[PDB]
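Protein chains in written order, with the authors' numbering: chain D, 1 to 121; chain B, 1 to 121; chain A, 244 to 433, 437 to 480; chain C, 244 to 433, 437 to 480.
Where a beta carbon is used, it is the ideal one built from N, C-alpha and C, also for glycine.
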Amino acid sequence: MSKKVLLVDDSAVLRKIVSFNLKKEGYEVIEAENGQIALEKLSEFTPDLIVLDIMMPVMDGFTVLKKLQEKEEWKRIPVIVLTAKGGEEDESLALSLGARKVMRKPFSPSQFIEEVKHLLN
Amino acid sequence: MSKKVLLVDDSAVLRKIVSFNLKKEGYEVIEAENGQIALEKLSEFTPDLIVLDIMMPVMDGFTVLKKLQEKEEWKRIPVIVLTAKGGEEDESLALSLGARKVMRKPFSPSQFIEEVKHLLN
Amino acid sequence: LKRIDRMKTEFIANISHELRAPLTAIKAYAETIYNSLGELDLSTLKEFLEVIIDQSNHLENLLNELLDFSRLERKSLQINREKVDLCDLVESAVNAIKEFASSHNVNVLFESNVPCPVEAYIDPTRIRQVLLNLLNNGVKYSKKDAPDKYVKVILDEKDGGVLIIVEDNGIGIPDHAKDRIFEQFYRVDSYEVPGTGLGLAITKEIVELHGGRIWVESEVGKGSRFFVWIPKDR
Amino acid sequence: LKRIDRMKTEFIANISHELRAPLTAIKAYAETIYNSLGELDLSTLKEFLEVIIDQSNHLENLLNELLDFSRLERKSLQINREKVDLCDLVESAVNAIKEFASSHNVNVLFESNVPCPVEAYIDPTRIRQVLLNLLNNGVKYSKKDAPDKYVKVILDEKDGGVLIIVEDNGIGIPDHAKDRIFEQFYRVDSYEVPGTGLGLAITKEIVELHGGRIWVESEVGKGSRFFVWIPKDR
Ligand SMILES: Nc1ncnc2c1ncn2[C@@H]1O[C@H](COP(=O)(O)OP(=O)(O)NP(=O)(O)O)[C@@H](O)[C@H]1O
Ligand SMILES: Nc1ncnc2c1ncn2[C@@H]1O[C@H](COP(=O)(O)OP(=O)(O)NP(=O)(O)O)[C@@H](O)[C@H]1O
Ligand SMILES: [Mg+2]
Ligand SMILES: [Mg+2]
């Protein structure tokens, strides 16, 4: 009865260290290299928590957020935005697009997992 | 009997990582926080290889090199210069002041160790 | 009349100076742990790892100064005010830098001439950066040869607003440069000290955006004192 | 009149972009190893350590680019010539990029129309930087994800000097931007691609200091071909 997490980012170097620290807590990891692939995986199941990058090719993280608050089957999914953007414009924008929390890069892994558990409860 | 080297640098963080890799090959490490202290510890004994920083408080590395190749007991001591100053003229000046090799920061520990073993023959 | 372009190119070499030292530590300590796994006890392994993590935070400070510099040119630096206890916020800042000052031996004391709590309508994140910036400068530029080295903040409430003081026994700012220390890129040139000149410029912008001012009173050799006045703005 | 100050500040922000990604990796991997020492198998431990060393070398390339930028301003960059077999020099550069190329799915070639050795009085250190720069760009701005991605190096000697061509299946340079990519800080801003802008600027300086010149032939979608001509010497 473990939880599954949808990890979305364009850098495999990031997805490696995040999939490791997520599986540390007994979670399942489903990766996606861009935002379009992330939506293609969202049709096969429904994740418990989504980790979303903003700067990505093909489909960025903003469009994924709008399409998450659209289809009412995903509108109640907690979304964490792990982006390199730091301006107050980008954070408040992702917040209005249905995201629960936005964390800048670089990020502390202990604080990230702490927020992942705070949203999974 | 084990070899002895004189480690000269103002950064205690660098002295530790160089003392480790120098002791990894079986050498004895004698630290000195600046160039003036290095000359003081040059009175208790005579090392077989000296690692010298350039930018140091009190006494700089160029002054240590000039004081070295003018006193006979210190003239034949091989000296590697591990400096952050990777300038064009900085290398040629230290080489003219009697240094046997000038290495730049950041450096590779394996490359630096192999050069230490080169001068110790 | 645009000599500012001449000062920006020096800011480049200052970035490379701030980047050259922690990169030497990250590269050396990482290759050491790799090629010397069998020559590491668990203590030195964690010690080398923690040295790697400490240098990344130095570079993280360098990254955040480049971003806040981009916000001073954009003039887009904004404050988000909360109702924060001041003595609580200054304790959280003094607690953090206590360990860094221990690596260079400096007693970080905190006195309050007013009774805690001291609530105010300020941004806790940027004010904490102001505190951590003034305290990082008080310990770094503190004299080396000296016994009982200290740096003390004082909470006070003068002229309606809140007056914070940061005293230290540092080397002291000369009477000719005490005006330009707040201008961008400016630094008291006197050896291998890393710096970019933006610490007090962002500190000045944060305090003045809060509705107040900041000035400095220091003596050559004796010590340095920074003053920060901010209204409560309830 | 003086937009060089404007193009310099954008290059400042480019330094922060180049610093943000490897720092996030160094911070994440070095902190995972520190907290998960009891959960890291030796394969993942060395793999995470290997990532830290790789990202530190990415930042080391950033440090050396800022130092070389400080040499283009002072006009202090000099070359130190020595008779080096060019075949052994290019074969030493296609292998120092072959691993980084296989990561981004692309291979290197070397079709020399003249039999080796090819001795020339050049600076092998700076010319290796010229080759590694054109190869790294031949794999960074390569094709989107098309089949058969390669980067070719053609050694030749025409018009009394040595002529090298770096071919690739890259995205191609638009004809409106082909006459300014060598200008400093310039970059065809057509997303998640790191870019400083002065990569070809240092490449142009090294080639012109060697006595020769360098130009570019490119078509949109067809690929890119950089031409470097350096005379032989005594
Ligand atoms: N507590 C102090 N005592 C004596 N001198 C100081 C003190 N704080 C600052 N100064 C001087 O004033 C200048 C302040 O420059 P600043 O704007 O802090 O750039 P910086 O030194 O690069 N800060 P940072 O980037 O955070 O290390 C420095 O050149 C110091 O010499
Ligand atoms: N092999 C290539 N194929 C297509 N375009 C290229 C190639 N090499 C360079 N360019 C173009 O040249 C422009 C700038 O290149 P350059 O001056 O080297 O800066 P840079 O590559 O961004 N900096 P760095 O990668 O850090 O050295 C980019 O906008 C590219 O589009
Ligand atoms: Mg990204
Ligand atoms: Mg030093």
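Practice prompt. Count the C-beta pairs between the segment 53-62 of chain B and the segment 2-18 of chain B that are closer than 8 Å, then say yes if the count reaches three, no if not.
Written response: yes
Worksheet entry | Exposure label - A:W475; buried when at least 16 CB within 10 Å | buried
Fill in: Near-chain D residues of the segment 285-318 of chain C - C-beta to any C-beta below 7 Å
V294
Discussion item. Please report the distance separating the alpha-carbon of B:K67 from that of B:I37.
Written reply: 13 Å
Discussion item. When you compare the CB of D:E88 with every CB in chain A, is at least one pair closer than 9 Å?
Written reply: yes
Worksheet item: Who are the neighbours of A:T275 on chain B, taking C-beta pairs under 7 Å?
Response: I17, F20, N21 and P109
Discussion item. Between C:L446, C:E282, C:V405 and C:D388, which has its C-alpha nearest C:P360's C-alpha?
Written reply: C:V405
Worksheet entry | Identity of the residue in D:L39, D:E40, D:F20 and D:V29 nearest C:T275 by Cα | D:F20
Worksheet item: Assuming D:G86 contacts D:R104 under a Cβ cut-off of 8 Å, what Cβ separation, rounded to an integer in Å, is found between them?
Response: 5 Å
Discussion item. Any beta carbon of chain A sitting closer than 9 Å to that of C:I448?
Written reply: no
Worksheet item: Considering only C-alpha positions, which residue in the set A:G403, A:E334, A:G415 and A:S286 is nearest to A:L375?
Response: A:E334
Worksheet entry | As assigned by DSSP and simplified to three states, the class of C:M250 | helix
Worksheet item: For A:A389, does the count of other Cβ atoms within 10 angstroms reach 16, so buried, or fall short, so exposed?
Response: exposed
Discussion item. Between B:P47 and B:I77, how many whole angstroms is the CB-CB distance? I'm expecting something under 8 Å.
Written reply: 6 Å
Fill in: Distance between A:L288 and C:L288 (C-alpha atoms, nearest Å)
12 Å
Worksheet item: Hey, out of C:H456, C:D422, C:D411 and C:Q427, whose CA is closest to C:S470's CA?
Response: C:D411
Discussion item. Under 9 Å, Cβ to Cβ, is there at least one residue of chain A near C:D248?
Written reply: yes
Practice prompt. Using 10 angstroms around the beta-carbon of C:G413, count the other beta-carbons present and answer buried if the total reaches 16, otherwise exposed.
Written response: buried
Worksheet item: Is A:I397 closer than 9 Å to A:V462 when the C-beta atoms are compared?
Response: no
Discussion item. Give me the chain B residues within the contact set of A:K270, using Cβ-Cβ distance strictly less than 8 Å, ordered along the chain.
Written reply: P106, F107 and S108
Practice prompt. Verify whether the separation of the beta carbon atoms of A:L320 and A:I452 is less than 9 Å.
Written response: yes
Practice prompt. Closer than 8 Å by C-beta to A:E253: which residues in its own chain qualify, once you throw out the five before and the five after it? Chain order, please.
Written response: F428
Worksheet item: Can you list, in chain order, the stretches of the beta strand (DSSP E) that have 3 or more residues and sit fully within the segment 41-68 of chain B?
Response: 49-52
Worksheet item: Apart from the five residues just before and just after B:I113, which ones in its own chain have a Cβ nearer than 7 Å to its Cβ?
Response: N21 and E25
Practice prompt. Tell me, please, whether the CB atom of A:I416 is closer than 9 Å to any CB atom in chain C?
Written response: no
Fill in: Integer-rounded CB distance, given that A:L292 should sit under 8 Å from residue 434 of chain C
Here residue 434 of chain C is not present, the numbering of chain C passing from 433 to 437 in one jump.
Discussion item. Using beta carbons (cut-off 9 Å, strictly below), is C:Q427 in contact with chain B?
Written reply: no
Item to complete: For C:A256, name the three-state secondary structure that DSSP assigns.
Response: helix
Item to complete: Have a look at B:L82 and D:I80 and give me their C-alpha separation to the nearest angstrom.
Response: 45 Å
Worksheet item: Counting only runs that start and end within the segment 294-336 of chain C, where is the beta strand (DSSP E) found for 3 or more residues in a row?
Response: 325-328
Fill in: chain D contacts made by the segment 318-329 of chain A, where a contact means CB separation under 7 Å
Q321
Worksheet entry | CB-CB length for A:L310 against C:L266, believed under 8 Å | That pair is no contact at about 12 Å.
Fill in: Selection from B:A32, B:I30, B:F45 and B:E70 that minimises the alpha carbon distance to B:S96
B:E70
Discussion item. Counting C-beta neighbours from all protein chains within 10 Å, is the total for C:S385 16 or more, i.e. buried, or is it exposed?
Written reply: buried
Worksheet item: B:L95 by DSSP, collapsed to three states: which one?
Response: helix
Discussion item. Using the Cβ count rule (16 or more neighbours within 10 Å means buried), how would you classify C:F353?
Written reply: exposed
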